[PDB]
Amino acid sequence: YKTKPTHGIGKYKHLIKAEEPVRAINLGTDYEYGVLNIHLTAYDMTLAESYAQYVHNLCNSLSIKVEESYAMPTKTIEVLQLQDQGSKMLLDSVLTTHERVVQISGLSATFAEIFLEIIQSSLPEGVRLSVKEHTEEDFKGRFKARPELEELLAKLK
Amino acid sequence: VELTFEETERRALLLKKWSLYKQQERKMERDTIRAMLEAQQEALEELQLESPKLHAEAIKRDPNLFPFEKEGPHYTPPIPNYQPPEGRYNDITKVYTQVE
Amino acid sequence: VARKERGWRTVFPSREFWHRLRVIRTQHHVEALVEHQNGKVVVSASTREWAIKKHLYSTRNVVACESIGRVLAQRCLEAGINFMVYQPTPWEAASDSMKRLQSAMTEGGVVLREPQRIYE
Amino acid sequence: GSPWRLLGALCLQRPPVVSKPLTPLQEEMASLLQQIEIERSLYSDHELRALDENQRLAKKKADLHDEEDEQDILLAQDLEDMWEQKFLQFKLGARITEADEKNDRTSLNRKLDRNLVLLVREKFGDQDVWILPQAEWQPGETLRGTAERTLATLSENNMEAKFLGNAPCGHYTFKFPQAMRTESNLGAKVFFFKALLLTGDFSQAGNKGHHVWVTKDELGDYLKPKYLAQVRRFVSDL
Amino acid sequence: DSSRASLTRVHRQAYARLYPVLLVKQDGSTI
Amino acid sequence: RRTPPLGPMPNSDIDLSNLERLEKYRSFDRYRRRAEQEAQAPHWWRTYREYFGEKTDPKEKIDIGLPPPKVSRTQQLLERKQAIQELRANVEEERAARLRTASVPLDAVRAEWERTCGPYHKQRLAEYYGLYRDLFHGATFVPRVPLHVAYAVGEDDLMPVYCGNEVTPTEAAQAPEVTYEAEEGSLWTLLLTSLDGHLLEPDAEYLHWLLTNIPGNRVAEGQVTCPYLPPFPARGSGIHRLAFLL
Amino acid sequence: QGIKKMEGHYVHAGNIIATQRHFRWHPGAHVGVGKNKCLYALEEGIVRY
RNA sequence: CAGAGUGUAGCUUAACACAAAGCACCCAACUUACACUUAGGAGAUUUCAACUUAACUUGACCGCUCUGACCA
Ligand SMILES: [K+]
Ligand SMILES: [K+]
């Protein structure tokens with residue numbers, strides 16, 4: 001009850017973050033980096049997935065917030081080879097490239113050196129690491145191309 | 001194919017060893033981060049006492065650190081004089097378009 | 001004919017019992033308690049006890065949970081406790097450990113339901 | 001000014017070139033993982049063709065029906081035989097190089113699996129000492145900028161190093177051994193900065209024998225005991 | 001080490017058998 | 001109008017500035033464990049325990065029993081660890097545990113339990129049954145001498161008396177067979193009382209059996225101060241308690 | 001809608017203690033809750049909050 | 001090498017004895033992953049002597065952390 005000393009003993013919504021029903025990218029401060037994308041590209045899907053899982057768990061151990069973990073679309077490349085004593089290129093192998101992204105935020109300026117050293121030492125063979133700064137173009141690149149909008153936009157041009 | 005009792009027993013015992021082996025990798029990796037962090041923090045504290053201005057510059061973020069790209073180790077090293085076959089790369093990735 | 005503590009319908013677990021089986025599982029040990037609704041422990045079986053630990057390869061596995069049920073069932077009969085309620089969570093009830101611990105208690109003689117109060 | 005002389009050292013490291021050999025337990029786990037993956041997988045296209053091919057060959061023997069069998073010119077096992085021949089003809093690069101057998105601790109090519117650290121010998125007070133490359137800080141320069149300068153001062157070096165952050169990863173504080181102790185010049189304070197060796201190496205004249213690339217285990221032979229203890233804290237061997 | 005997270009299997013329910021192969025690059029290095 | 005709290009309010013030590021960085025429960029079981037701990041702590045507001053909890057006296061219960069036995073913890077711990085190492089070393093033990101076919105010997109467990117934690121468990125159970133409250137007006141003792149009372153039923157069977165197990169008046173028609181571990185030259189007194197049997201007076205008891213100056217554990221040679229009377233719980237009066245006090 | 005029996009009030013079995021559109025007061029010992037969130041006494045005794 | 005402080009596995013003012021506890025931690029399955037849950041895994045009193053008590057107290061013996069000498 002309001003008048004009583006126990007007023008507000010049942011308050012609980014100040015202990016929970018407010019819920020709001022795309023996302024603004026937070027540029028880092030002078031002493032902390034902004035949202036960082038950790039791309040992991042491998043010719044083998046299991047190695048990329050396994051290392052992406054290692055990076056996610058490592059960040060949890062270090063109390064680095066993982067904004068999102070997601071896969072980028074697979075890229076298939078046919079590998080043709082010039083035949084012996086011939087001018088015709090024949091299909092040799094089909095190689096698929098698999099990419100996984102672990103998006104982190106709030107990395108410290110000083111601790112960045114230690115974090116990067118750990119995640120490069122454990123890099124498996126054939127897996128490329130690319131830590132970039134998140135941009136809208138990266139997020140938009142995950143969405144299907146809209147041909148109708150391009151034609152209507154071309155008319156305006 | 002159903003596994004034999006000895007096979008299922010051998011697989012269970014191997015996994016039990018795997019739990020302890022992986023526990024000790026994490027410890028070595030968890031004691032390395034701690035050592036690095038302590039050394040860095042101790043050095044920075046020593047650098048603030050000696051010269052505060054340099055310490056202020058040291059703790060700032062580096063604009064040139066990212067993009068940071070590192071390829072993983074190879075299985076065998078590059079061959080000094082190896083000639084790869086001639087060929088072409090033809091991307092055959094499907095393009096997905098949203099209509100409506 | 002004794003009153004059970006009815007009510008508490010919006011919270012968990014219920015208070016409408018005379019005796020309840022309460023199982024505490026920790027990182028290293030398994031403890032099972034029979035306690036009255038007033039909060040007094042009546043009988044107990046824990047893997048921390050040397051009497052039980054000396055016969056167990058592990059004190060944290062399904063076998064330990066089944067062993068605790070068997071030991072507790074015997075102690076219940078000697079104390080005169082033939083009925084109690086067990087109030088597991090959904091994941092606890094589905095677990096093999098708790099299913100084996102419950103079978104041990106029922107095989108040991110203890111019934112894990114309580115007779116209804118007689119009001120008239 | 002201050003009594004302590006500000007110094008900036010550089011911990012230039014060559015990251016492992018090749019993967020590290022699997023230990024006995026890792027090899028056992030790798031074999032089990034491969035076995036489990038084969039057991040739980042579906043038949044591959046290659047396997048189905050081999051099964052189909054064997055079945056048709058039996059059909060051709062038991063029955064006279066042929067169905068063209070144009071693809072039967074080559075069998076799936078025949079293809080496997082050709083694939084193995086080309087593999088046995090290709091010779092892989094040596095993971096253990098000549099510098100590992102000759103024990104030339106001046107070349108990068110040695111010890112491909114492990115990480116290497118650069119050590120340069122510098123003469124102080126008519127005495128030769130092994131230390132990480134260092135330079136003396138000068139006004140109008142960040143402390144890391146002093147480490148960036150150490151590379152330029154190196155003798156006939158063509159190497160591009162990538163510096164990680166601006167904060168130092170360690171420090172070593174020593175005092176002169178009473179020969180030149182003075183209030184103005186009490187001692188020195190080196191601060192180490194880690195870098196990665198992207199590409200490059202020393203030239204022949206720079207390979208005069210006054211530097212070694214050494215792993216962390218064999219790092220003590222060169223570095224002095226007190227110096228070794230402060231360098232073995234930020235130099236990982238994971 | 002590179003073996004920290006390299007010991008894996010295909011974590012799928014339905015997948016065709018895959019075979020280990022050496023990919024020889026254009027400089028002669030393999031993976 | 002407001003009134004300041006009379007003490008620290010719940011959820012006060014939580015730092016609300018760093019809410020996003022604070023660790024969350026994430027599991028129902030971790031909240032419940034903390035919630036159960038909070039419920040047991042004393043509070044300055046009105047609580048269910050205040051109105052329904054039994055009003056225990058603040059002064060501790062006087063101990064009137066035998067002195068605790070002296071044990072060398074170091075030697076005991078060393079021997080216990082050695083035993084576990086031997087048990088775990090056996091390969092057959094590991095496989096039985098892994099395949100969930102292992103079991104414990106209940107007879108051996110009870111024998112060891114009777115030597116070690118038995119007395120404290122008997123004290124806890126005796127307190128729950130109200131024996132200390134009624135017999136000694138709240139004073140408690142640890143029953144450090146195990147007492148084995150068994151009513152001979154038939155010629156080949158026994159009805160053991162434990163700590164609240166039901167024994168019918170027909171089974172208790174004759175005096176029970178009482179055996180305990182006693183040294184030579186010691187003296188003991190055994191009595192049997194019905195706490196609830198008394199008909200006329202609520203607080204009084206009935207002395208069914210009294211044996212005094214028992215030499216060692218030879219109960220038959222003790223003086224029969226009071227002869228044995230079988231229990232006579234009246235019809236419709238409920239379940240009575242009969243306690244053997246050595 | 002509100003409290004029908006305040007602190008210290010004697011209630012008989014069945015007596016509605018309170019009526020509420022939402023769970024302002026939760027049922028405790030010997031207090032039943034109706035389909036419409038109505039709190040009623042399950043025993044004869046004294047109401048306590 | 002000297003002088004101080006210091007002592008349970010990662011943390012704990014866990015440890016009355018009935019007992020070296022609770023949490024943190026590692027693997028597998030589930031999960032894109034994380035998380036949860038299930039089923040498993042690994043652990044400690046630095047070492048001896050003193051009502052034998054003693055993880056606890058006093059001593060040495062070890063490891064540790066600082067303060068000096070040594071130091072490029
Ligand atoms: K009576
Ligand atoms: K209502």
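Worth knowing before you read on, the calculation uses all heavy atoms, side chains too, and leaves out hydrogens, waters and symmetry mates. Just so it is clear: chains get the letters A, B, ... in the order the sequence lines come, proteins before strands, and each one is counted from 1.
- With sequence neighbours excluded, no residue satisfies side chain to side chain donor-acceptor pair (under 3.5 Å) with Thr26(C).
- Shortest non-hydrogen contact noted between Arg75(C) and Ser44(C) is NH1-O, 2.6 Å.
- Remark: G22(H) pairs with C11(H), satisfying the Watson-Crick or G-U wobble criterion at under 3.5 Å for both atom pairs.
- Across all strands, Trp113(F) comes closer than 4.0 Å to no nucleic acid atom at all (heavy-atom distances).
- At the heavy-atom level, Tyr25(F) lies nowhere under 4.0 Å from the strands shown.
- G59(H) and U13(H) are not base-paired, meeting neither the Watson-Crick nor the G-U wobble geometry with both donor-acceptor distances under 3.5 Å.
- Every side chain to side chain donor-acceptor pair (under 3.5 Å) that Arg34(F) has, sequence neighbours left out, goes to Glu38(F).
- With sequence neighbours excluded, no residue satisfies salt bridge (charged side-chain N to carboxylate O under 4.0 Å, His left out) with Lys122(F).
- Using a 4.0 Å heavy-atom cutoff across all strands shown, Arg9(E) reaches sugar-phosphate atoms only and no base atom.
- Using a 4.0 Å cut-off, no side-chain N or O of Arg26(F) falls inside it from OP1 or OP2 of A35(H).
- Residue contacts for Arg25(C): at a heavy-atom cut-off of 4.0 Å it reaches the sugar-phosphate backbone alone, with no base atom in range.
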Could you pull out every donor-acceptor pair under 3.5 Å between side chains of residues 120-130 of chain D and any protein atom, sequence neighbours left out?
none

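- Across the protein-nucleic acid pair, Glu45(B) atom CD and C66(H) atom P stand 12 Å apart, rounded to whole Å.
- Partners of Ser95(C) under the side-chain contact (heavy atoms from CB on, under 4.5 Å) rule, at least two apart in sequence or in another chain, are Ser97(C), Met98(C).
- Closest approach of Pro133(D) and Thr150(D) over heavy atoms only: O-CG2, 4.2 Å.
- With ring centres under 5.5 Å apart and planes tilted under 30°, the neighbouring bases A55(H) and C56(H) are scored as stacked.
- Across all strands shown, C51(H) remains unpaired; no Watson-Crick or G-U wobble contact has both distances below 3.5 Å.
- Annotation: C56(H) and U12(H) have their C1' atoms spaced 16 Å apart (nearest Å).
- Checked by atom type, the side-chain pair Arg26(B)/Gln23(B) shows no donor-acceptor distance below 3.5 Å.
- The main-chain N or O of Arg60(C) is found under 3.5 Å from a side-chain atom of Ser58(C) such that the two form a donor-acceptor pair.
- The bases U12(H) and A21(H) are paired, Watson-Crick or G-U wobble, with both atom distances under 3.5 Å.
- Taking the six-membered ring where the residue is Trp, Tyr21(B) and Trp18(B) present parallel rings, their angle staying beneath 30° rather than reaching 60°.
- Between the side chain of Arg60(C) and the base of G41(H), at least one donor-acceptor pair of N or O atoms lies under 3.5 Å.
- Side-chain contact of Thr96(A) with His98(A): a donor-acceptor pair under 3.5 Å is present, judged by distance alone.
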Going 5' to 3' along nucleotides 46-51 of chain H, which nucleotides have protein heavy atoms under 4.0 Å from the base (write B), which only from the sugar-phosphate (write S), and which from neither (write -)? ------
Listed pairs, N/O of protein and of nucleotides 4-9 of chain H, under 3.5 Å:
none

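- The shortest distance between the side-chain N/O atoms of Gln24(B) and the OP1/OP2 oxygens of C26(H) is not below 4.0 Å.
- Spacing between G3(H) and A9(H) at atom P, rounded to whole Å, works out to 27 Å.
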Nucleotide N/O to protein N/O under 3.5 Å, stretch nucleotides 55-58 of chain H:
{"unit_1": "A55(H)", "atom_1": "OP1", "unit_2": "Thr74(F)", "atom_2": "OG1", "d": "2.9"}

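- Here the separation of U53(H) from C1(H), taken at their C1' atoms, is 39 Å to the nearest Å.
- Checked against side chain to side chain donor-acceptor pair (under 3.5 Å), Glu92(F) has no partners two or more places apart in sequence or in another chain.
- Only the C1' atoms considered, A29(H) is 15 Å distant from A35(H), to the nearest whole Å.
- Residues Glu49(C) and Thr116(F) bring no donor and acceptor atom of their side chains to less than 3.5 Å of each other.
- Backbone-only contact: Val62(C) has heavy atoms under 4.0 Å from sugar-phosphate atoms and none from a base.
- The side chain to side chain donor-acceptor pair (under 3.5 Å) test applied to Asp96(C) returns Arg100(F), not counting sequence neighbours.
- Look at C66(H): its Watson-Crick or wobble partner, with both distances under 3.5 angstrom, is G3(H).
- Between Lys53(C) and the phosphate of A20(H), there is a side-chain N or O to OP1/OP2 separation shorter than 4.0 Å.
- Note on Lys16(B): a side-chain N or O is less than 4.0 Å away from OP1 or OP2 of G41(H).
- Taking the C1' atom of each, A54(H) and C48(H) are spaced 14 Å apart, rounded to whole Å.
- Comparing the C1' positions of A15(H) and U67(H) gives an interatomic distance of 36 Å, to the nearest angstrom.
- Nucleotides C62(H) and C26(H) have their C1' atoms positioned 31 Å apart, rounded to a whole Å.
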Any N/O pairs under 3.5 Å between the protein and nucleotides 69-72 of chain H? List them or say none.
{"unit_1": "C70(H)", "atom_1": "OP1", "unit_2": "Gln178(D)", "atom_2": "NE2", "d": "2.9"}
{"unit_1": "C71(H)", "atom_1": "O2'", "unit_2": "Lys175(D)", "atom_2": "O", "d": "3.2"}
{"unit_1": "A72(H)", "atom_1": "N1", "unit_2": "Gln134(D)", "atom_2": "OE1", "d": "3.4"}
{"unit_1": "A72(H)", "atom_1": "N1", "unit_2": "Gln134(D)", "atom_2": "NE2", "d": "3.0"}

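- Side-chain N/O atoms of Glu49(A) and base N/O atoms of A33(H) include no donor-acceptor pair closer than 3.5 Å.
- Look at the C1' atom in both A21(H) and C16(H): the space between them is 14 Å, to the nearest Å.
- Ring planes of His171(D) and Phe191(D): parallel class, angle under 30° (limits at 30 and 60°).
- Judged by atom type and distance alone, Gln23(B) reaches the base of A42(H) through a side-chain donor-acceptor pair under 3.5 Å.
- Across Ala188(D) and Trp4(D), no two heavy atoms sit closer than the pair N-CE3, 3.4 Å.
- Atom P of nucleotide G22(H) and atom CZ of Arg33(F) are separated by 11 Å, given to the nearest angstrom.
- For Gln27(C), whose side chain is taken as the heavy atoms from C-beta onward, the closest listed nucleotide among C34(H), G41(H), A19(H) is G41(H).
- Contact check, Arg48(C) against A17(H): no side-chain N or O comes under 4.0 Å of OP1 or OP2.
- Of the residues in residues 76-92 of chain F, those with a non-hydrogen atom less than 4.0 angstrom from any atom of RNA chain H are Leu77(F), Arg80(F), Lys81(F), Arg88(F).
- Ion pairing of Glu37(D) with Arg9(E) is absent here, as no side-chain N (NZ or NE/NH1/NH2) approaches a carboxylate O to less than 4.0 Å.
- Residues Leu118(D) and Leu132(D) come closest through the heavy atom pair O-CG, 4.0 Å.
- Here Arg142(A) does not reach the OP1 or OP2 of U32(H): none of its side-chain N or O atoms lies under 4.0 Å away.
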